[PDB]
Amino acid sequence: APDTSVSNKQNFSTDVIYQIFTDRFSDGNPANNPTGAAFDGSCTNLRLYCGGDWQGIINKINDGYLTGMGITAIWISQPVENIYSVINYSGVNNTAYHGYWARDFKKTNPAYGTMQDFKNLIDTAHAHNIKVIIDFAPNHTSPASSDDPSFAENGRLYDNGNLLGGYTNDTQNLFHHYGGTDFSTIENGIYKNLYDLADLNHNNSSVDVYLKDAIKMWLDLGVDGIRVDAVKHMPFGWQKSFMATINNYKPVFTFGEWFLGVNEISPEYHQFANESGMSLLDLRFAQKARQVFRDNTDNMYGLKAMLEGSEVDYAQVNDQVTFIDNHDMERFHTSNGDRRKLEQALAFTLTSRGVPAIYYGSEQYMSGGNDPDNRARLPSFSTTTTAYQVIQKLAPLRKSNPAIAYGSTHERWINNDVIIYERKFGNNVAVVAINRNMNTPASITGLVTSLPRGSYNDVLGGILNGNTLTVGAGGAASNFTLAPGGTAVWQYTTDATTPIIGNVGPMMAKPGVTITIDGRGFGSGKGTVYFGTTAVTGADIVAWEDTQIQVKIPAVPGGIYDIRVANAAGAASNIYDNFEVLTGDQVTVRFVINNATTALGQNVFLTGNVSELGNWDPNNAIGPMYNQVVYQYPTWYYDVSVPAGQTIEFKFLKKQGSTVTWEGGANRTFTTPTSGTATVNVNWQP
């Protein structure tokens, strides 16, 4: 099917995501509304249920509100059954309207709807070529006090109605009991509770297996994407085996949220996007976009430096979900903010690299501070706002113009207030000019683009005061004045004649799994895809057409491979690197090593003989290992994804700067389980 098909669950760069807080969107079925203290139909107490549900979203797809806007993906609240308690937090009453306080990941939250309502949502969405992304929050269940078992539902977890256990009297250790996080270290935020949420223990095999069976059930119901909550608070080794469960079963686009504040740049954030098997919410983009377009705490050079820099730092920049606000920040539009600021930031996001997400109600200029104020019921379903029209005009270019969906980003003109950038993919071009100065026009002289000669009409139809671009020979545009607040989008599309790979999904899977390579110029005739030097042809190429190839990963050793497509005529595409072939199915094993005393700046790491352990390479060793919460120094521990069912050989090592200190003795062997988890408890071999 083409790259733009609704059935492309692996890659979303051609989509525009509309992020819905299900409860705050439309109440299509009043009969499923919570009653009593848990409900507020006026939705003035934004911590209670207002009543919005999956029938309300179905209705808004049906009547054209969402499809009129050009939305092709909706991201909705976590669908699973949540606790029913109204928790009074210091006077304010609070409910699970947000879907985050799970009690059974196998059932639906009935306020949102029944399992049949969810299937109706999936089918209505798909029939209108809308992909459905769900939140999934496998880090915790719900507010719990083991000291007070009567608080809330004591974090209880059920498995399709069957109680597995609660927070008080957790003899099976389904949960962590280390206190709450102060967020001082990543380790601390992983193993201690996030606020008061009963922290699930993923090293418990029945939690591990439950959560993996639960996500498979949602994959079976036809969801197209997953937004994993609190990725910074779950073990990276466990989330990589969770990603492998999805990708080796039914790979769908998965991304997580790892928060970064303004100008905070975290290597681990990038290492997570680059190595987990899921992409991330592009906080770096969101924060700089708000700095340039909203707060004016940075100028167009900051914007340029972020776009330039992130194209390098994210191994797959086309998989990061960009946005200008979401549930976790103040609404972009303020009370005294010019609406043109929102409108440009939305035009910027919709034409930029990545997977754009529009937070519901943006097209209705909702303002509001932080939680819960950024989650009000959206006030109107007016289809004639300028913002609605900006999305309506620009969001279909994601499907129609390969350059916007996959293209590189080239700044062609810039000054403190103006950026003109080019998106280029093969011969497809889009050029976006933005003048954030609402007062002074910009004299653009000397603009060169890759557009062929012609008179390009602004795709926005002048609604953001854009203009026609007259391009002459060699892509030189005739000089023009960009209006105060001017935003214009000019584009040209043709066929790519040469294979160009714009995106591949999933990026991590074992041999035998079909991956989806999207791009242009593949041709209709089946050609070759290379993983490294290994050619895959014939029956192993499940599907070949000009914009999408589905190919089975060849039985190559685990490790990282460059992918390249050769079309039928032997012409080869660009390399799409960093593809991880897994040694096989994954299980998370906790490795614990005692008596590994280290000097300052020296940490314990683990490597071994499979790619998952870095194939004996100190530079790729797993770690730094932890040593504070579950076990304390000199015992170090770490949860690591390793191939299931086999004997791995491994060794621990200490590294301080460029010095690797290996354990002495023979290599350690361990036979991993076929499912579930295991703990390897060993002592440093001198």
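All residue numbers are counted from 1 along the displayed sequence.
When the mean C-alpha temperature factors of 228-236 and 567-575 are read from the deposited coordinates, 567-575 comes out higher. As listed in the deposited structure, the average C-alpha B-factor of 270-278 and of 216-224 is greater for 270-278.
Residue set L163, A476, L469, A395: peak C-alpha B-factor at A476 (per PDB entry).
Comparing the C-alpha B-factors of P634, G56, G70, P643 in the entry, the top value falls on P634. When the modelled residues of the chain are ordered by their C-alpha B factor, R47 lands in the middle third. Compared with the other modelled residues of the chain, the Cα B-factor recorded for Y18 ranks in the lowest third. When all modelled residues of the chain are sorted by CA temperature factor, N29 is found within the highest third. Placement of the Cα temperature factor of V682 within the chain: lowest third of the modelled residues, per the deposited record. Ranked by C-alpha B-factor against the other modelled residues of its chain, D328 falls in the highest third.
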